[PDB]
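Chain by chain, the residues run as shown.
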Amino acid sequence: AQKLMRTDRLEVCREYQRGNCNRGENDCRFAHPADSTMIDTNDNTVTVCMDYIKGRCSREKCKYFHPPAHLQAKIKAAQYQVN
Ligand SMILES: [Zn+2]
Ligand SMILES: [Zn+2]
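Thresholds applied
- Residues numbered from 1 in each chain as written, not as in the entry; some residues may be left out.
- Chains lettered and ligands numbered in written order.
- Heavy atoms only, no water.
- Helix = DSSP H or I, 4+ residues; strand = E, 2+ residues; numbered from the N terminus.
- Rg over C-alpha atoms; globule rule 2.2 N^0.38 Å.
- Contact = heavy atoms within 4.5 Å.
- Areas by Shrake-Rupley, 256 points an atom, 1.4 Å probe, with all protein chains shown as cover.
- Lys, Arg positive; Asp, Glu negative; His and termini not counted.
- Charge placed at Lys NZ, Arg CZ, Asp CG, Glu CD.
- Donors = N, O, S within 2.8 Å, 3.2 Å for Na, K, Ca; no water.
- Tetrahedral: all angles 85-135°; square planar, octahedral: opposite > 155°, others 65-115°.
- Buried < 20%, exposed > 50% of the residue type's maximum accessible area, 1.4 Å probe, protein only.
- Salt bridge = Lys/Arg side-chain N within 4 Å of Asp/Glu carboxyl O.

- Solution NMR is the method the PDB entry states for this structure.

Written out as structure tokens, the structure reads:
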């Protein structure tokens, strides 16, 4: 995230984090992270990959989260080049 002036986070589903939720893929109000290690316990959020949000990131061993189309639109609009 050092490529811009600030970090970027996404709110994690309180049902997914506590047990399960199957809607994050296209309908839930929050994000569903595959890599549970990316979730910050201090705020219930995941750091978002500024390469996928602006161009492309697809490496299965990434350091950040890649949101589904529904959530991703908010972060595509959240980027330094737009906001
Ligand atoms: Zn959910
Ligand atoms: Zn990435």
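1. Some thoughts on the overall build of the protein
Then step 1. Scanning the protein from N- to C-terminus turns up one helix and three strands.
Then step 2. Counting helices and strands in the order they occur from the N terminus, the protein gives β-β-β-α.
Then step 3. A globule of 83 residues ought to have a C-alpha radius of gyration of about 12 Å, and the protein, at 12 Å, matches this closely.
Then step 4. When contacts within the protein are restricted to residue pairs at least 6 apart in sequence, long-range pairs at least 24 apart make up 53% of them.
Then step 5. Accessible surface, the protein: about 5800 Å² in total, of which carbon and sulfur atoms supply 42%.
Then step 6. Side-chain charges of the protein comprise 14 positive and 10 negative groups, with the mean position of each set lying 5 Å from the other.

2. Describing the coordination of the zinc ion (ligand 1)
Then step 1. Only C13 (SG), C21 (SG), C28 (SG) and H32 (NE2) from the protein coordinate the zinc ion (ligand 1), and they sit 2.1 to 2.3 Å from it.
Then step 2. Coordination at the zinc ion (ligand 1) comes from four donor atoms whose angles at the metal span 107 to 113 degrees, giving a geometry best classed as tetrahedral.
Then step 3. Sequence positions of the residues that donate to the zinc ion (ligand 1) give the spacing C-x7-C-x6-C-x3-H. Here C13 is found in the loop between β1 (9-11) and β2 (39-40), whereas its partner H32 is found in the loop between β1 and β2, with 19 residues between them in sequence. Just as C13 is buried, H32 falls in that class too.

3. Quick notes on the environment of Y16
Then step 1. Within the secondary structure, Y16 sits in the loop between β1 and β2.
Then step 2. Given the relative accessible area of 26%, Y16 is considered partly exposed.
Then step 3. A C-alpha to C-alpha distance of 17 Å links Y16 and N42, two positions 26 residues apart in sequence.
Then step 4. Setting aside its immediate chain neighbours within four residues, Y16 contacts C21, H32, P33 and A34.

4. Description of the pattern of salt bridges
Then step 1. One pass over the full model with this rule turns up two salt bridges.
Then step 2. Of the charged contacts in the structure, one is a salt bridge between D40 and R9, with a shortest N-O distance of 3.0 Å. Separated by 31 residues along the polypeptide, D40 in strand β2 and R9 in strand β1 bring together distant segments of the chain.
Then step 3. The partner of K61 in a salt bridge is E60, with the nearest N and O atoms 3.3 Å apart.
Then step 4. For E60, a relative accessible area of 66% corresponds to the exposed category.

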